[PDB]
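Novice: sharing the initial chains of the complex here, in place:
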Amino acid sequence: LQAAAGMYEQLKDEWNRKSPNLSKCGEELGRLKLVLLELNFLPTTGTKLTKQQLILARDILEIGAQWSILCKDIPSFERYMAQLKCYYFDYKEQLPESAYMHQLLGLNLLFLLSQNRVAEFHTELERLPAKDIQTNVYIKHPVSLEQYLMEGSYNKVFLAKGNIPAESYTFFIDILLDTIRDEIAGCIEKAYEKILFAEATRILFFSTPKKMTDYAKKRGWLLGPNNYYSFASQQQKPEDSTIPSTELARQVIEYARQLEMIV
């Protein structure tokens, strides 16, 4: 019926290797929402009575979410996760505390990087305290990786520390070897007013023209070895104008109006 312990509870079979399918776990969660109704209605208000109910509420939700990453059902995971986040944050000494709690937190963190919202990581990290309620061990990989990307390093970023957990963090790295590439590439657009093609490709870590083309589309850069890094630099220069006064001076209407009232 549930996702609870014992194999008489239908989602539990999907969590274990009794159903080897990665998409029958995620799939089967939709049914499970009906069985969830009774187990999640009570513990959305915290009390020590509601402690038995909490564990089971979380079990159905976590298990389903975890398996989704393996087959890259990832957007569906992020809506499922949200519910888990509130239970992990709070509901102290009623057993949010599990092996599952740890795995789930790290999975979410990895995802914020996959969207490339640096900002989203910092707010989120603090929200859960997802760095001292299960500690930086597995959790360490996204936190350190986000700090390195923010810093501007693309050489101590790590992906090796994300393969220390194999709790389905192992499938996020796949889509975070994209992201490191993306970031180097944007920074290079800002970096050069114009430099040689040769000097810029070894830092991209592209060395085949196909790789150059692929990300160049995203940048707005035209052709493969040839690229126009220059767009971003061009933007700085207009401060030089003075000839059209109305906008350039600015707030000409505003300052006058208030001044007239006062006198």
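Specialist: Received the coordinates, thanks. Numbering: from 1, shown residues only, chains lettered A, B, ... in the order given.

Novice: chain center to stretch A:199-219: distance?
Specialist: Computed by C-alpha atoms, centre = their mean, to the nearest Å, the chain-centroid distance of stretch A:199-219 equals 24 Å.

Novice: wait, doesn't residue A:183 sit right on residue A:145?
Specialist: No - Residue A:183 is not in contact with residue A:145 according to C-beta atoms under 8 Å; the separation is 11.3 Å. (Each C-beta comes from the backbone N, C-alpha and C, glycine too.)

Novice: out of the two, which sits in the busier spot?
Specialist: Taking neighbours as other C-beta atoms under 10 Å, residue A:183 and residue A:145 compare with residue A:145 leading, 24 against 17.

Novice: now that one: which helix or strand?
Specialist: Using DSSP states H and E, residue A:145 maps to helix A:140-151.

Novice: equivalent analysis for residue A:31, please.
Specialist: In this assignment (DSSP H and E), residue A:31 forms part of helix A:24-41.

Novice: helix or strand: which one has residue A:126?
Specialist: helix A:118-127.

Novice: show me what that helix is packed against.
Specialist: helix A:99-115, helix A:140-151 (3 or more C-beta pairs under 8 Å, 6 or more residues apart in numbering; DSSP states H and E).

Novice: residue nearest the centroid of chain A?
Specialist: A centroid search over chain A (C-alpha atoms, centre = their mean) returns residue A:112, at 1.1 Å, as the residue closest to the centre.

Novice: can you add chain B next? sequence is:
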Amino acid sequence: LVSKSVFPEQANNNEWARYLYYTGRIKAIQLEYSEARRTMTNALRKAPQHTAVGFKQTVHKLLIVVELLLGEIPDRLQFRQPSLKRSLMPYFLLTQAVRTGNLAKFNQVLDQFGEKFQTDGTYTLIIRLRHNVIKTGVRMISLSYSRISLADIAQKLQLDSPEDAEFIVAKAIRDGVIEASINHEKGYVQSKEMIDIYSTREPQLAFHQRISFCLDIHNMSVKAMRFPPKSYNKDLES
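Specialist: To build on what is shown above, here is chain B added in:
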């Protein structure tokens, strides 16, 4: 909640110091540190000698970390003058670590004082300094000189590689708190500078900003001035 607060201009002194202070904590993690540091410095001054004391402590401790986040290098006078220097001593260590440009000292301090920081609510802000350790050191070197090699930046700061230092500077100029354009031809990092700002609106724009800010004081003052004597008239004054 911060965004919704209009927080009135006619508010008590303790209210003013506390609001700016909260808004600063929120902004600092966000990578809006330029604004956070100004409100937080202001907050300490504005807060009293008596009622404020619990929160007050907390503003001076947090602020030292927050200023570093911008790339400010906080003075020794700041620590000595309220006479709290002892409690401030660990933050002082972070100030040194940020300046030098080497990560090893910054990571070590973060974990060791970790528990103490968490109370004050600093710990979330401490971890953000890792970008800042390097940033503050590249920032002094890029602004001061014109064209300097990534190789100079790396030897002085104790960065891993010139190449490493090259990505780090690229990201910063995108953030725009170091403002430069990099030419990786010969391999130097180049300063922005026009050697005349009269051809540009900037001296005018600077003056104009003050004029808006000034006008706000006049409008605020005319209304505020009559209100207490008016209140007294109806209630009857001896």
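
Novice: what packs on helix A:118-127 again please, this time with chain B.
Specialist: If you count contacts as 3 or more C-beta pairs under 8 Å, 6 or more residues apart in numbering or on different chains; DSSP states H and E, helix A:118-127 packs onto helix A:99-115, helix A:140-151, helix B:13-30, helix B:123-144.

Novice: what's the angle between it and helix B:123-144?
Specialist: Between the axes of helix A:118-127 and helix B:123-144, defined by axes from the mean of the first three to the mean of the last three C-alpha atoms, to 10 degrees, the angle is 150 degrees.

Novice: number of nearby residues for residue 41?
Specialist: No chain was given, so I picked chain A. 12 (other C-beta atoms under 10 Å in any protein chain shown).

Novice: chain B, not that one
Specialist: Residue B:41, neighbours per other C-beta under 10 Å, totals 20.

Novice: how near is it to residue B:54?
Specialist: Distance, residue B:41 to residue B:54, by C-beta to C-beta, to the nearest Å: 19 Å.

Novice: coming back round to it: C-alpha coordinates for the helix holding residue A:126, PDB please?
Specialist: The C-alpha trace of helix A:118-127 is given here as PDB (Å, rounded to 0.1, in the frame of the first residue of the first chain):
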ATOM      1  CA  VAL A 118      24.800  30.900  -8.200                       C
ATOM      2  CA  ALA A 119      22.500  33.200  -6.200                       C
ATOM      3  CA  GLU A 120      19.800  30.500  -5.800                       C
ATOM      4  CA  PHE A 121      22.500  28.200  -4.200                       C
ATOM      5  CA  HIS A 122      23.300  30.700  -1.400                       C
ATOM      6  CA  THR A 123      19.700  31.400  -0.300                       C
ATOM      7  CA  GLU A 124      18.900  27.700  -0.400                       C
ATOM      8  CA  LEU A 125      21.900  26.700   1.500                       C
ATOM      9  CA  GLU A 126      21.000  28.900   4.400                       C
ATOM     10  CA  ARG A 127      17.300  27.900   4.200                       C
END
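
Novice: add chain C to what we have:
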Amino acid sequence: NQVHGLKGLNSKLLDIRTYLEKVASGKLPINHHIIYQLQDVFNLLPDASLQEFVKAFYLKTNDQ
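Specialist: Following on from the chains above, chain C is added here:
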């Protein structure tokens, strides 16, 4: 006063326009003075820029 000069200027523009058409159709006499006067406004070339002023006042208002 500024409103009144600008409104005045609008008035003169209307009289000249309707007349320009009348000159073209009728072959009304062309007075050298009118053609020359209008020409001059166009040739001088407008240019205008940098302007600023003080902001001393705040301390004073605050002072009261």
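
Novice: take what packs on helix A:118-127 again, chain C included.
Specialist: Checking 3+ C-beta pairs under 8 Å, 6+ apart, helix A:118-127 ends up next to helix A:99-115, helix A:140-151, helix B:13-30, helix B:123-144.

Novice: that helix: which residues count as buried?
Specialist: A:118, A:121-122, A:124-126 (16 or more other C-beta atoms under 10 Å in any protein chain shown).

Novice: residue A:67 versus the residue nearest to the centre of chain A, what's the distance?
Specialist: 20 Å.

Novice: who's the closest spatial neighbour of residue B:130, skipping the chain neighbours?
Specialist: With C-beta to C-beta, 6 or more residues apart in numbering or on different chains as the criterion, residue B:130 has its nearest non-adjacent residue at 4.8 Å, and that residue is residue A:147.

Novice: tell me the SS of the residue nearest the centre of chain B?
Specialist: Closest to where the C-alpha atoms of chain B average out (C-alpha atoms, centre = their mean) is residue B:37, at 2.8 Å. Three-state assignment for residue B:37 (DSSP: H, G, I helix; E, B strand; the rest coil): helix.

Novice: shouldn't it be in contact with residue B:66?
Specialist: Yes - taking contacts as C-beta under 8 Å, residue B:37 lies within contact range of residue B:66: 5.3 Å.

Novice: quick check: neighbours shared by those two?
Specialist: Contact criterion C-beta atoms under 8 Å, 6 or more residues apart in numbering or on different chains; residues shared by residue B:37 and residue B:66: B:24, B:28.

Novice: contacting residues around the helix holding residue A:145?
Specialist: A:106, A:109-110, A:112-113, A:118, A:121-122, A:125, A:131, A:136, A:154, A:156-159, A:161-162, A:164-165, A:169, A:176, A:179-180, A:183, B:127-128, B:130-131, B:134-135, B:168, B:171.
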